[PDB]
Structures are given as C-alpha cells and as structure tokens.
$ cat entry25.tsv   # TSV, C-alpha atoms and all ligand atoms
chain	number	residue	atom	x	y	z
N	1	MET	CA	0.00	0.00	0.00
N	2	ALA	CA	1.35	3.34	-1.14
N	3	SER	CA	-0.80	5.09	1.48
N	4	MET	CA	0.60	3.48	4.60
N	5	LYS	CA	2.14	5.91	7.09
N	6	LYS	CA	5.15	5.45	9.36
N	7	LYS	CA	5.06	6.38	13.03
N	8	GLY	CA	7.49	9.12	14.02
N	9	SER	CA	10.51	8.93	16.26
N	10	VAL	CA	10.58	9.61	19.97
N	11	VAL	CA	12.07	13.10	20.46
N	12	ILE	CA	13.97	14.59	23.38
N	13	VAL	CA	12.19	17.85	24.25
N	14	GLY	CA	13.93	18.70	27.51
N	15	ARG	CA	15.60	17.35	30.60
N	16	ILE	CA	15.47	17.26	34.39
N	17	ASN	CA	18.45	19.24	35.67
N	18	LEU	CA	19.98	17.51	38.68
N	19	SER	CA	23.41	19.13	38.39
N	20	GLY	CA	23.19	21.71	41.16
N	21	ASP	CA	21.46	22.07	44.51
N	22	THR	CA	18.04	22.58	42.88
N	23	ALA	CA	16.24	20.15	40.58
N	24	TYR	CA	14.31	21.78	37.75
N	25	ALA	CA	12.90	20.92	34.37
N	26	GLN	CA	14.29	22.55	31.23
N	27	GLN	CA	12.57	22.56	27.88
N	28	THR	CA	14.94	22.29	24.93
N	29	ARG	CA	12.49	21.95	22.02
N	30	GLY	CA	9.01	23.34	21.38
N	31	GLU	CA	5.99	21.44	20.12
N	32	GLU	CA	6.47	22.45	16.48
N	33	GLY	CA	10.14	21.56	16.28
N	34	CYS	CA	9.27	18.33	18.08
N	35	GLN	CA	6.72	17.55	15.35
N	36	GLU	CA	9.23	18.09	12.55
N	37	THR	CA	11.98	16.18	14.39
N	38	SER	CA	9.65	13.24	14.99
N	39	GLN	CA	8.94	12.96	11.25
N	40	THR	CA	12.53	13.36	10.06
N	41	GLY	CA	14.21	11.59	12.97
N	42	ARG	CA	16.95	14.23	12.72
N	43	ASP	CA	17.68	15.98	16.02
N	44	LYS	CA	20.65	18.37	16.02
N	45	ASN	CA	20.12	19.65	19.58
N	46	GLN	CA	22.85	19.13	22.17
N	47	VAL	CA	21.86	16.53	24.78
N	48	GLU	CA	22.91	16.85	28.42
N	49	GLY	CA	22.23	15.10	31.69
N	50	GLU	CA	20.74	11.84	32.94
N	51	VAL	CA	16.93	12.25	32.73
N	52	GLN	CA	15.43	13.36	29.41
N	53	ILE	CA	11.89	14.51	28.80
N	54	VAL	CA	10.71	12.79	25.62
N	55	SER	CA	7.68	13.03	23.39
N	56	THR	CA	5.94	11.34	20.50
N	57	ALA	CA	3.12	12.95	18.52
N	58	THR	CA	0.62	11.84	21.18
N	59	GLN	CA	2.44	11.18	24.48
N	60	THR	CA	5.12	12.71	26.69
N	61	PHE	CA	7.12	10.85	29.34
N	62	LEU	CA	10.69	10.47	30.58
N	63	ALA	CA	13.79	8.51	29.61
N	64	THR	CA	16.79	7.80	31.83
N	65	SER	CA	20.40	6.95	30.96
N	66	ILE	CA	21.91	4.09	32.98
N	67	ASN	CA	25.16	2.38	31.93
N	68	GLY	CA	25.19	3.98	28.48
N	69	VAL	CA	21.59	3.03	27.58
N	70	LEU	CA	18.72	5.52	27.42
N	71	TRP	CA	15.86	3.56	28.98
N	72	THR	CA	12.11	4.17	28.95
N	73	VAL	CA	8.73	2.39	28.98
N	74	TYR	CA	7.23	0.42	26.12
N	75	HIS	CA	3.79	1.91	26.86
N	76	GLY	CA	5.25	5.30	25.93
N	77	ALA	CA	7.71	4.49	23.15
N	78	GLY	CA	6.37	1.29	21.63
N	79	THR	CA	8.91	0.03	19.09
N	80	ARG	CA	9.77	3.55	17.90
N	81	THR	CA	13.16	4.84	16.88
N	82	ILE	CA	14.59	7.86	18.71
N	83	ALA	CA	15.68	10.98	16.82
N	84	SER	CA	19.40	11.71	16.69
N	85	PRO	CA	21.80	14.01	14.83
N	86	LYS	CA	22.28	11.48	12.01
N	87	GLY	CA	18.71	10.17	11.81
N	88	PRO	CA	16.46	7.68	13.59
N	89	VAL	CA	18.14	5.21	15.94
N	90	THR	CA	16.60	1.75	16.32
N	91	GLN	CA	15.99	0.33	19.79
N	92	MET	CA	18.70	-1.96	21.11
N	93	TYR	CA	16.44	-3.38	23.84
N	94	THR	CA	12.72	-4.12	23.65
N	95	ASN	CA	10.81	-6.10	26.29
N	96	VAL	CA	7.04	-5.72	26.34
N	97	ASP	CA	6.83	-8.17	29.26
N	98	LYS	CA	8.81	-5.69	31.38
N	99	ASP	CA	7.27	-2.58	29.77
N	100	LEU	CA	10.86	-1.68	28.86
N	101	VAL	CA	12.79	-0.32	25.90
N	102	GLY	CA	16.24	1.12	25.45
N	103	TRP	CA	18.41	2.92	22.90
N	104	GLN	CA	22.12	3.66	22.98
N	105	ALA	CA	22.54	6.73	25.16
N	106	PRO	CA	22.85	9.98	23.17
N	107	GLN	CA	26.22	11.62	22.76
N	108	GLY	CA	26.55	14.20	25.51
N	109	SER	CA	24.20	12.50	27.96
N	110	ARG	CA	25.45	11.39	31.37
N	111	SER	CA	24.61	7.93	32.70
N	112	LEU	CA	23.49	6.98	36.17
N	113	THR	CA	25.42	4.20	37.92
N	114	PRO	CA	23.43	1.09	38.90
N	115	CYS	CA	22.86	0.98	42.65
N	116	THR	CA	24.53	-1.72	44.72
N	117	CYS	CA	23.71	-0.16	48.12
N	118	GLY	CA	20.79	-2.42	49.01
N	119	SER	CA	19.05	0.62	50.52
N	120	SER	CA	15.26	0.91	50.73
N	121	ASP	CA	15.16	4.72	51.14
N	122	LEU	CA	14.56	5.84	47.57
N	123	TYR	CA	13.77	9.04	45.68
N	124	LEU	CA	11.52	9.29	42.61
N	125	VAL	CA	12.32	12.08	40.12
N	126	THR	CA	9.30	13.33	38.19
N	127	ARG	CA	8.93	15.28	34.97
N	128	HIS	CA	8.27	18.42	37.05
N	129	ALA	CA	11.57	17.91	38.87
N	130	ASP	CA	9.81	16.87	42.05
N	131	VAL	CA	12.02	14.56	44.12
N	132	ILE	CA	9.57	12.29	45.92
N	133	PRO	CA	10.72	10.15	48.88
N	134	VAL	CA	9.72	6.50	48.37
N	135	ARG	CA	10.24	3.60	50.78
N	136	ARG	CA	11.10	0.40	48.91
N	137	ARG	CA	8.50	-2.31	49.70
N	138	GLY	CA	9.59	-5.17	47.43
N	139	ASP	CA	11.54	-6.01	44.31
N	140	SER	CA	9.43	-3.68	42.16
N	141	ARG	CA	7.31	-1.61	44.59
N	142	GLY	CA	7.78	1.41	46.83
N	143	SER	CA	5.36	3.50	48.85
N	144	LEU	CA	5.19	7.28	48.70
N	145	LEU	CA	6.01	8.82	52.05
N	146	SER	CA	3.51	11.56	51.15
N	147	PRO	CA	0.75	10.25	48.83
N	148	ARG	CA	-0.64	12.57	46.19
N	149	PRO	CA	-3.10	12.53	43.29
N	150	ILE	CA	-1.97	10.47	40.32
N	151	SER	CA	-2.12	13.68	38.26
N	152	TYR	CA	1.24	14.63	39.76
N	153	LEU	CA	2.86	11.38	38.56
N	154	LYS	CA	1.29	11.29	35.08
N	155	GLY	CA	3.97	11.75	32.45
N	156	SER	CA	6.85	10.56	34.63
N	157	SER	CA	7.08	6.93	33.51
N	158	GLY	CA	10.64	6.28	32.43
N	159	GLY	CA	12.05	8.42	35.22
N	160	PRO	CA	14.40	7.10	37.88
N	161	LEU	CA	14.11	5.91	41.39
N	162	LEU	CA	17.42	6.80	43.06
N	163	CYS	CA	19.12	5.68	46.28
N	164	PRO	CA	20.46	8.19	48.84
N	165	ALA	CA	23.80	8.20	46.99
N	166	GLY	CA	22.19	9.10	43.67
N	167	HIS	CA	22.51	5.69	42.02
N	168	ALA	CA	19.78	4.26	39.79
N	169	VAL	CA	17.57	1.74	41.61
N	170	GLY	CA	14.85	1.43	38.98
N	171	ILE	CA	12.68	2.93	36.24
N	172	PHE	CA	9.18	4.23	37.12
N	173	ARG	CA	6.58	2.10	35.31
N	174	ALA	CA	3.12	2.35	36.91
N	175	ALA	CA	1.22	4.04	39.75
N	176	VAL	CA	-0.76	2.16	42.41
N	177	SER	CA	-3.77	4.30	43.32
N	178	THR	CA	-6.82	4.36	45.56
N	179	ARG	CA	-9.61	6.81	44.72
N	180	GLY	CA	-7.16	8.64	42.47
N	181	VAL	CA	-4.42	8.99	45.13
N	182	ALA	CA	-1.01	7.47	44.40
N	183	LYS	CA	0.03	5.47	47.48
N	184	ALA	CA	2.74	3.38	45.81
N	185	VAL	CA	4.75	3.08	42.60
N	186	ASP	CA	5.72	0.07	40.47
N	187	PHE	CA	9.15	0.21	38.85
N	188	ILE	CA	11.53	-1.84	36.73
N	189	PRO	CA	14.47	-2.78	38.99
N	190	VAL	CA	17.90	-1.83	37.74
N	191	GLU	CA	18.87	-5.53	38.06
N	192	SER	CA	16.24	-6.32	35.46
N	193	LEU	CA	17.88	-3.74	33.18
N	194	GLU	CA	21.32	-5.24	33.89
N	195	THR	CA	19.99	-8.70	32.98
N	196	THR	CA	18.30	-7.41	29.82
N	197	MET	CA	21.74	-6.07	28.85
N	201	LIG	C1	1.49	-1.32	25.43
N	201	LIG	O1	2.29	-2.37	25.91
N	201	LIG	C2	2.42	-2.42	27.29
N	201	LIG	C3	3.35	-3.45	27.92
N	201	LIG	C4	3.50	-3.53	29.44
N	201	LIG	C5	2.69	-2.53	30.29
N	201	LIG	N1	2.83	-2.60	31.75
N	201	LIG	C6	2.09	-1.69	32.57
N	201	LIG	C7	2.23	-1.74	34.10
N	201	LIG	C8	1.17	-0.66	31.90
N	201	LIG	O2	0.47	0.22	32.71
N	201	LIG	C9	-0.10	1.32	31.95
N	201	LIG	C10	0.62	2.37	31.65
N	201	LIG	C11	1.04	2.92	33.03
N	201	LIG	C12	1.17	4.28	33.41
N	201	LIG	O3	0.23	5.01	33.57
N	201	LIG	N2	2.52	4.73	33.78
N	201	LIG	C13	2.66	6.05	34.40
N	201	LIG	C14	2.86	7.22	33.48
N	201	LIG	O4	3.21	8.30	33.87
N	201	LIG	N3	2.58	6.92	32.11
N	201	LIG	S1	2.78	8.23	31.10
N	201	LIG	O5	1.85	9.30	31.47
N	201	LIG	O6	4.15	8.81	31.06
N	201	LIG	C15	2.26	7.61	29.49
N	201	LIG	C16	0.87	6.95	29.36
N	201	LIG	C17	3.42	7.18	28.59
N	201	LIG	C18	2.68	8.50	28.33
N	201	LIG	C19	3.55	6.29	35.63
N	201	LIG	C20	2.04	6.53	35.73
N	201	LIG	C21	1.49	7.86	36.29
N	201	LIG	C22	0.18	7.97	36.59
N	201	LIG	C23	-0.75	6.74	36.41
N	201	LIG	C24	-2.24	7.16	36.49
N	201	LIG	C25	-3.27	6.13	35.92
N	201	LIG	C26	-2.67	4.78	35.41
N	201	LIG	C27	-2.42	3.78	36.58
N	201	LIG	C28	-1.74	2.50	36.05
N	201	LIG	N4	-1.54	1.64	37.16
N	201	LIG	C29	-1.32	0.24	36.89
N	201	LIG	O7	-1.42	-0.22	35.78
N	201	LIG	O8	-0.98	-0.53	38.01
N	201	LIG	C30	-0.76	-1.89	37.72
N	201	LIG	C31	-0.06	-2.45	38.97
N	201	LIG	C32	1.37	-1.96	39.35
N	201	LIG	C33	-0.41	-3.88	39.40
N	201	LIG	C34	-1.03	-2.68	40.13
N	201	LIG	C35	-0.42	2.86	35.35
N	201	LIG	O9	0.44	3.44	35.96
N	201	LIG	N5	-0.21	2.51	33.94
N	201	LIG	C36	-1.12	1.87	33.13
N	201	LIG	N6	1.01	-0.58	30.47
N	201	LIG	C37	1.77	-1.52	29.65
N	201	LIG	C38	1.60	-1.43	28.14
N	202	ZN	ZN	23.07	3.17	45.83
$ encode --input "entry25.tsv" --output "structure tokens" --more "lines below"
Ligand SMILES: COc1ccc2nc(C)c(O[C@@H]3C[C@H]4C(=O)N[C@]5(C(=O)NS(=O)(=O)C6(C)CC6)C[C@H]5/C=C\CCCCC[C@H](NC(=O)OCC5(C)CC5)C(=O)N4C3)nc2c1
Ligand SMILES: [Zn+2]
Amino acid sequence: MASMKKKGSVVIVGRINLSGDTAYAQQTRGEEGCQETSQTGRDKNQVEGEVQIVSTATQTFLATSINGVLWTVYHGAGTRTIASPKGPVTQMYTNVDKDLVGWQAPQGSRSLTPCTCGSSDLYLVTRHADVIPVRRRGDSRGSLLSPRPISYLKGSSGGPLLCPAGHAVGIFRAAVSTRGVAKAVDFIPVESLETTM
C-alpha cells in the first residue's frame, strides 16, 4: 500500500536538571520543532544530563540513561526509533513483558550508575523535577512517604528511582492508586535492566 504511514521517532524535548542544589525541568524543544523532528528523525540539539523529557506525537514521558543506555517504557515508546543528529536510531532493547525499551545513550548525555547499596530509602524524580521520597517495599514496589493525586505522577514513567547516593535503583513504570491517590509506585528494577543487557 502506497498510502501506509510510518510512526514518528521519539524526540527529546527537555531534561530534568539535577546538576546543582536545585532540581528543575528545562525545555529544549518546542511542540512544532518536536513535530518536525519526529517525522525526520533528525535531532541536532545538544543533549545533556541523565533524565530526558521525551515526546511522541501523542504522548510525553521520561527517559533515563543508565550504563550507556537511554531507557524508557514500552507503553510510551512502543517500538519507535529515537531521533538523533544522524537520523532515527533503532531500539537496542525491547521487552514488552517488562514494559521496557532502550536505545544507545545519546552523545553528551550522562549515565546513572546502577545501585549496589541495598538501601530501601529511595527518591523518585518526576517530569516536574519533584524529588519524591519513596520507601522500597519489594523487588518492584515502593510506597510514597507523602501520597498525592496520580495527576502529579502522570507523564513521569521512564524516570528514575534513586538511592540516597544518587545511584539508579529502577525505572518508574506504573502508579498504584486508591480513589485517584497514588500510594505506591511500580518500577523496573535496575537488576532487570542489567539482565536485559
Ligand atoms: C502497550 O504495551 C504495554 C506493555 C507492558 C505494560 N505494563 C504496565 C504496568 C502498563 O500500565 C499502563 C501504563 C502505566 C502508566 O500510567 N505509567 C505512568 C505514566 O506516567 N505513564 S505516562 O503518562 O508517562 C504515558 C501513558 C506514557 C505517556 C507512571 C504513571 C502515572 C500515573 C498513572 C495514572 C493512571 C494509570 C495507573 C496505572 N496503574 C497500573 O497499571 O498498576 C498496575 C499495577 C502496578 C499492578 C497494580 C499505570 O500506571 N499505567 C497503566 N502498560 C503496559 C503497556
Ligand atoms: Zn546506591
């Protein structure tokens, strides 16, 4: 069929700045430039940092570099390429059973180190640069110390859960809610990433 369309690439549209004493979101590309970059797959913007804000034509979420792989959720990215300076980059990891995908980390990004602390005092980083204390409750669950409406977590899948030392403990996947209040989060453990690799 000569009519059949191709889905666009995932596009980096900003980042969560964790460099200093204050966490804050930065936008690096507007909606229109995102639209064109998604269709061409050609993204000339400089990439920095560990947590990227990413978008498709219809969804926005996060992606996190750990050990030289930019990781995110399958329910956001599907099987899509990511835009890069030389054109679309095909996924190097895809696992729908884990809700997980990964591409080679962009040039200029910084990678988080996988946590080996065994600590259960975690920190979730959201797309609004909120740093949310989370107590680990199992291999893939943690409770929010201060619950809040799921609205505040929407769009943060693909972001990191970090240990007190700033290592990557997991990738935020799903919210566990009661009457619209997020009491707990479900995440992909970093060990599951390390095994996928
Ligand atoms: C298609 O192929 C696949 C393969 C595997 C897969 N595996 C999943 C677990 C999954 O789940 C769905 C997406 C996910 C998010 O919503 N993810 C974010 C998020 O932010 N997404 S997002 O906005 O960035 C978006 C949509 C990308 C743009 C983090 C939340 C934030 C708010 C959630 C509010 C309402 C939703 C509450 C819900 N809860 C829950 O399902 O609990 C289950 C469990 C743990 C047993 C009890 C929930 O979280 N999700 C539902 N889809 C798939 C799909
Ligand atoms: Zn650690």
$ residues_around --input "entry25.tsv" --residues "residue N:109" --least-positions-apart "3" --cutoff "6 Å" --atoms "all atoms listed in the file" --output "list in words"
residues 47, 48, 49 and 106 of chain N
$ residues_around --input "entry25.tsv" --residues "residue N:178" --least-positions-apart "5" --cutoff "10 Å" --atoms "all atoms listed in the file" --output "list in words"
residues 149, 150, 183 and 184 of chain N
$ residues_near_ligand --input "entry25.tsv" --ligand "ligand LIG 201 (chain N)" --cutoff "6 Å" --atoms "all atoms listed in the file" --output "list in words"
residues 59, 60, 61, 74, 75, 76, 96, 97, 99, 150, 153, 154, 155, 156, 157, 173, 174, 175, 176 and 186 of chain N
$ residues_around --input "entry25.tsv" --residues "stretch 20-29 of chain N" --least-positions-apart "2" --cutoff "8 Å" --atoms "only C-alpha atoms" --output "NGL selection string"
:N and (12-18 or 31 or 33-34 or 45 or 127-131)
$ closest_residue --input "entry25.tsv" --among "N:169, N:132, N:51, N:73" --to "residue N:117" --atoms "only C-alpha atoms"
N:169
$ atom_distance --input "entry25.tsv" --atom1 "atom CA of residue N:42" --atom2 "atom CA of residue N:86"
6.0 Å
$ atom_distance --input "entry25.tsv" --atom1 "atom CA of residue N:189" --atom2 "atom CA of residue N:80"
22.5 Å
$ residues_near_ligand --input "entry25.tsv" --ligand "ligand ZN 202 (chain N)" --cutoff "8 Å" --atoms "all atoms listed in the file" --output "ChimeraX atom specification"
/N:114-119,162-169
$ residues_around --input "entry25.tsv" --residues "residue N:144" --least-positions-apart "2" --cutoff "10 Å" --atoms "all atoms listed in the file" --output "ChimeraX atom specification"
/N:122-124,132-136,142,146-148,182-185
$ closest_residue --input "entry25.tsv" --among "N:39, N:9, N:192, N:66" --to "residue N:89" --atoms "all atoms listed in the file"
N:9
$ atom_distance --input "entry25.tsv" --atom1 "atom CA of residue N:78" --atom2 "atom CA of residue N:95"
9.8 Å
$ closest_residue --input "entry25.tsv" --among "N:35, N:126, N:140, N:40" --to "residue N:152" --atoms "only C-alpha atoms"
N:126
$ residues_around --input "entry25.tsv" --residues "residue N:88" --least-positions-apart "5" --cutoff "12 Å" --atoms "all atoms listed in the file" --output "ChimeraX atom specification"
/N:7-11,37-44,80-83,103-104,106
